[PDB]
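*Asks:* Sequence first, structure after, both from an experimental entry:
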Amino acid sequence: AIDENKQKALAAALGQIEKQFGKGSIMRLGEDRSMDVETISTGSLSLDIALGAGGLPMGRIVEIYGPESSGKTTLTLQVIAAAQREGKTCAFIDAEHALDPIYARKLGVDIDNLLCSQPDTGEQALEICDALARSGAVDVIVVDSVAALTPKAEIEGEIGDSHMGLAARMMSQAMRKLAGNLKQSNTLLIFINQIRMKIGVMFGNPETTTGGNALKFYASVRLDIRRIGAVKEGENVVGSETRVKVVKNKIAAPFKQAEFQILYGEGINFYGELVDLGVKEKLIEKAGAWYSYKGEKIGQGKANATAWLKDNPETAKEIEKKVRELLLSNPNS
Amino acid sequence: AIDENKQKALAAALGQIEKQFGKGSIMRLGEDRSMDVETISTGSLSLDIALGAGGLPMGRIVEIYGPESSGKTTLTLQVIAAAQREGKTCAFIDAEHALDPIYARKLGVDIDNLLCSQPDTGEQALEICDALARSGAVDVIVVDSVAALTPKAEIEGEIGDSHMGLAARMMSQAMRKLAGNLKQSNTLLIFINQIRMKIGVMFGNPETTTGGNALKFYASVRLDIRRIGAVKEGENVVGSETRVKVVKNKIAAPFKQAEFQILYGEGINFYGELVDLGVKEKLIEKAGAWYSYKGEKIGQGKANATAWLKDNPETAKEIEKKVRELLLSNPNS
Amino acid sequence: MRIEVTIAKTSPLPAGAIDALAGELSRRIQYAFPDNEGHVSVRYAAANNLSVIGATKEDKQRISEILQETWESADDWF
DNA sequence: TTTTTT
Ligand SMILES: Nc1ncnc2c1ncn2[C@@H]1O[C@H](COP(=O)(O)OP(=O)(O)OP(O)(O)=S)[C@@H](O)[C@H]1O
Ligand SMILES: Nc1ncnc2c1ncn2[C@@H]1O[C@H](COP(=O)(O)OP(=O)(O)OP(O)(O)=S)[C@@H](O)[C@H]1O
Ligand SMILES: [Mg+2]
Ligand SMILES: [Mg+2]
């Protein structure tokens, strides 16, 4: 009785909204293919495991923050390289003005196809980001050090002039203008952020991130990356041990953490990730300090086993296939 | 004599108003059934008790705000699922463009029947909401993060352009245009808002909400939801201990609070709520860490008692019935 | 238990709110910690600090949350 | 109305 005219009114309203605002203005969530979450590999298998969905979600905003020299620009360059290897166009809005193009190729980035922008002001940086998103031809954009996103008023002003929350206002406005553009264009945006200690820490941890509060709400994935040791081959430090704690996740379960190695001039040690990932998965046998595979004793120590896996590509493919088979909770293909 | 003339004039005026504006333009408050408050369950029993009237008032405006990852979206999705389980039709205006359909499905939401819209502009968002409210076929509309309700001029403008209170003006206009429609259709509108910092205040709460002041005035129920701790299964963090503070209430006594758990992938832990509320009502006995029900030792720890409740559906329904009878301040007809 | 709250003189309370804040915190502890003598001393110092003497880490976390709620409900209680 | 900063 009443349910039929209720359905009629619902259909009429849906049609009128479709006419007023467009074909995809309103529809049932089940039949909206654009809302499906698509992820891309971050270049780190352990990080893809920790992220739950297998990587960073396309068309969302990602905040990655950590202390000085924690490897944030290296992790973001690695995910840029991973996206480029699939065939995507990438852009690097380098606000902090220190991207080494030679180290970027070393981390696997196609420098010839990486759109590079050194924005003068924070407003110019975010406007370039908005233009790239609205274009739809850029799949990954990385904004380095939103601390360096200096407002035009702050730049035109003098050092020591107080600019009340102006950077926070700009950041919130950019989020407002950019969330929809990124969703429509299916473009991933990665904000590298810094840690700032606060004064008088009575109700919280000192480690604040600059750029206001809007980035915390709008970021789909928030990564806390830190350096937790040194990878020294002999007496020479040839790498760094890093840990990433997923502090906010809107595409899978948060608070997971991934431990890996950045090896200076090579990036994330992917085979190093593979060794440990197989070890925790019982496919790689850890006999004290020995590493053996299917009875075949592959080495001693983590570095020697990683080198041995580098020596044997077919077994690396096989172990990678198995680890992806069981550990990825949402295998896309 | 005089009183008879007063009654005659009153009856004539009421009849005139009814012919001019309609049958239900004016009447005595006691005989106006449209003025009664109807509530819909939140999906959280403790919050239902904290709301006084047993749920969110249907046909009103509701604001839910809190910090990042405090559970605003999940709480609203549980409300939507509870409404849909009663045969009602719900709509989700995602201004954040940050909804996961799979996670919404895992929370119990009928994805194939939930109306979902990703509006480009805040004006488009509120116009779609207005059309749905005017239709009368949608019962619960949830507008995600009015912080993302970006004015159309702001989208057309550039990052860094000053739009002084444009969002506030648009929100004030929308409330004026929407309160009457929501009351007429008896449809509940739930607004999610984000917490921003107001600066220059050295005492009190600097936690302002976005969207201006009109939301504060027009919202019948205002909730401060905050993640106050972690729920972990030893090492892995499986959920969040959260508190909801009823900071404004037009349908019951305000300033009450509720405490519960959101388990990642399951939503509000209804069984944990039932265990806790039975504990408060002297129905579940706590000997240190030993939960026992009517002599029988149901479990050791909140998780064990919750599992025991899960494995005894009849007992769970029994305690649900008696708790609902006991603690609800306003027992609905 | 001994609670010392030091408030930066560069970021002072409204005049007369120091004693009110001390009494209000005292009410909060005696509600939360009735078994032990909760003495709060609020005073102006160089930096804002909170010192808890006679309690564990979880208790210190509880007192920090209580002070947070007091500071943010200042309008309710002052 | 709008936003922290070390
Ligand atoms: N061109 C390079 N060649 C070799 N190693 C490098 C180079 N650039 C950086 N590294 C090292 O790689 C590790 C992490 O890389 P980075 O990209 O510098 O991380 P980061 O946290 O972004 O540091 P910032 O941006 O300066 S605070 C650091 O230990 C660096 O010393
Ligand atoms: N797809 C998901 N998979 C697993 N966990 C999730 C997912 N989405 C949200 N959660 C978790 O559920 C808890 C509540 O999340 P939400 O309700 O989405 O947060 P929120 O309060 O809306 O704050 P926002 O919108 O993220 S700024 C958080 O701890 C989330 O990490
Ligand atoms: Mg860098
Ligand atoms: Mg949300």
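*Replies:* Received the coordinates, thanks. Numbers count the residues shown, from 1 in each chain, chains lettered A, B, ... in the order given. Ligands and ions are numbered 1, 2, ... in the order given.
*Asks:* Tell me the residue of chain C that sits nearest ligand 1?
*Replies:* residue C:47 (27.7 Å; Cβ to the nearest ligand atom). To be clear about C-beta, it is placed using only N, CA and C from the backbone, and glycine gets the same treatment.
*Asks:* Correct me if wrong: that residue contacts residue C:8.
*Replies:* Yes. Contact criterion Cβ atoms under 8 Å: residue C:47 and residue C:8 qualify, at 5.7 Å.
*Asks:* what sits in contact with each of the two?
*Replies:* residue A:200 (Cβ atoms under 8 Å, 6 or more residues apart in numbering or on different chains).
*Asks:* Which one's more surrounded, those two?
*Replies:* residue C:8 (15 against 12; other Cβ atoms under 10 Å in any protein chain shown).
*Asks:* before we move on, the earlier item: what's the residue of chain C closest to ligand 1 sitting at in phi/psi?
*Replies:* Torsion angles at residue C:47 (phi, psi; degrees, to the nearest 10) stand at phi -130, psi 150.
*Asks:* what's it in contact with, if anything?
*Replies:* So residue C:47 contacts A:199, A:200, C:6, C:8 (Cβ under 8 Å, 6+ apart).
*Asks:* and chain C, which residues reach chain A?
*Replies:* With Cβ under 8 Å from any Cβ of the partner chain as the criterion, chain C meets chain A at residues C:8, C:11, C:47, C:48, C:49, C:50, C:64, C:65, C:67, C:68, C:71.
*Asks:* Take these and keep only those in strands.
*Replies:* Among these, the members falling in strands (DSSP state E) are C:8, C:49, C:50.
*Asks:* so what's the first one up against?
*Replies:* Contacts were defined as Cβ under 8 Å, 6+ apart; by that measure residue C:8 touches A:200, C:44, C:45, C:46, C:47, C:48.
*Asks:* any idea how far whichever residue of chain C sits closest to DNA strand D is from residue A:165?
*Replies:* Going by Cβ to the nearest atom of the strand, DNA strand D is nearest to residue C:11 of chain C, at 8.8 Å. Distance from residue C:11 to residue A:165, counting by Cβ to Cβ, to the nearest Å: 17 Å.
*Asks:* now do residue A:65
*Replies:* According to Cβ to Cβ, residue A:65 stands 19 Å off from residue A:165.
*Asks:* same thing with residue A:281?
*Replies:* 48 Å.
*Asks:* more crowded one of these two?
*Replies:* Counted by other Cβ under 10 Å, residue A:281 and residue A:165 do not tie: residue A:165 has more neighbours, with 16 against 13.
*Asks:* Quick one: residues contacting that one.
*Replies:* When contacts are counted by Cβ under 8 Å, 6+ apart, residue A:165 is found next to A:212, B:197, B:199.
*Asks:* quick one: the first one and residue A:172 touch, right?
*Replies:* Yes. Under the contact definition of Cβ under 8 Å, residue A:212 touches residue A:172, with a separation of 6.1 Å.
*Asks:* near chain B, which residues of chain C show up?
*Replies:* Residues of chain C lying close to chain B (Cβ under 8 Å from any Cβ) are C:11, C:12, C:13, C:14, C:17, C:65, C:71, C:72, C:73, C:74, C:75.
*Asks:* Is residue A:196 located within a strand, as I assumed?
*Replies:* Yes. Judged by DSSP: H, G, I helix; E, B strand; the rest coil, residue A:196 forms part of a strand.
*Asks:* Tell me if I'm right that it and residue A:208 touch.
*Replies:* Yes. With contacts counted by Cβ under 8 Å, residue A:196 reaches residue A:208, the gap being 4.9 Å.
*Asks:* Could you pull out the helices in the stretch 151-300 of chain A for me?
*Replies:* A:152-156, A:166-185, A:214-218, A:270-280 (DSSP state H, counting those that start in this stretch).
*Asks:* And for residue A:308, the neighbour number?
*Replies:* Residue A:308 has 20 neighbours, counted by other Cβ under 10 Å.
*Asks:* would you say it is within a helix?
*Replies:* Yes. Secondary structure of residue A:308 (three-state DSSP): part of a helix.
*Asks:* And it, how far from residue A:45?
*Replies:* Separation of residue A:308 from residue A:45 (Cβ to Cβ) stands at 18 Å.
*Asks:* What of residue A:310?
*Replies:* 15 Å.
*Asks:* repeat for residue A:115
*Replies:* In terms of Cβ to Cβ, residue A:115 sits 27 Å off from residue A:45.
*Asks:* between those two, which one's more packed in?
*Replies:* Taking other Cβ under 10 Å, residue A:115 and residue A:45 do not tie; residue A:45 has more neighbours (25 against 14).
*Asks:* In contact with the nearest residue to that one once chain neighbours are set aside, which residues?
*Replies:* For residue A:45, ignoring the flanking residues on the chain, the nearest one in space by Cβ to Cβ, 6 or more residues apart in numbering or on different chains is residue A:273 at 4.6 Å. Residues counted as contacts of residue A:273 (Cβ under 8 Å, 6+ apart) are A:44, A:45, A:46, A:260, A:261.
*Asks:* Pull out the buried positions in stretch A:261-269.
*Replies:* For stretch A:261-269, the neighbour count (16 or more other Cβ atoms under 10 Å in any protein chain shown) marks A:261, A:262, A:263, A:267, A:268, A:269 as buried.
*Asks:* and it, how far out from the chain's middle?
*Replies:* Between the centre of stretch A:261-269 and the centre of its chain there are 17 Å (Cα atoms, centre = their mean, to the nearest Å).
*Asks:* List the residues that contact the residue in the stretch 1-150 of chain A positioned nearest to DNA strand D.
*Replies:* DNA strand D sits closest to residue A:147 of the stretch 1-150 of chain A, with a gap of 6.5 Å, by Cβ to the nearest atom of the strand. Going by Cβ under 8 Å, 6+ apart, residue A:147 touches A:96, A:193, A:194, A:196, A:210, A:211.
*Asks:* Quick one: distance of the helix or strand where residue C:62 lies to the chain centre.
*Replies:* Element membership for residue C:62 (DSSP states H and E) is helix C:57-72. Mean-position distance between helix C:57-72 and its chain equals 8 Å (Cα atoms, centre = their mean).
*Asks:* export it as PDB, just CAs?
*Replies:* C-alpha atoms of helix C:57-72 as PDB (Å, rounded to 0.1, in the frame of the first residue of the first chain):
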ATOM      1  CA  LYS C  57      52.100   4.400  34.800                       C
ATOM      2  CA  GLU C  58      48.400   3.500  34.300                       C
ATOM      3  CA  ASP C  59      47.500   5.800  37.200                       C
ATOM      4  CA  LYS C  60      49.600   8.600  35.700                       C
ATOM      5  CA  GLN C  61      47.800   8.100  32.400                       C
ATOM      6  CA  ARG C  62      44.400   8.300  34.200                       C
ATOM      7  CA  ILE C  63      45.500  11.500  36.000                       C
ATOM      8  CA  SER C  64      46.600  13.000  32.700                       C
ATOM      9  CA  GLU C  65      43.200  12.200  31.100                       C
ATOM     10  CA  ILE C  66      41.400  13.700  34.200                       C
ATOM     11  CA  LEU C  67      43.400  16.900  33.800                       C
ATOM     12  CA  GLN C  68      42.600  17.000  30.100                       C
ATOM     13  CA  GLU C  69      38.900  16.700  30.900                       C
ATOM     14  CA  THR C  70      39.200  19.400  33.600                       C
ATOM     15  CA  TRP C  71      41.000  21.800  31.200                       C
ATOM     16  CA  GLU C  72      38.400  21.200  28.500                       C
END
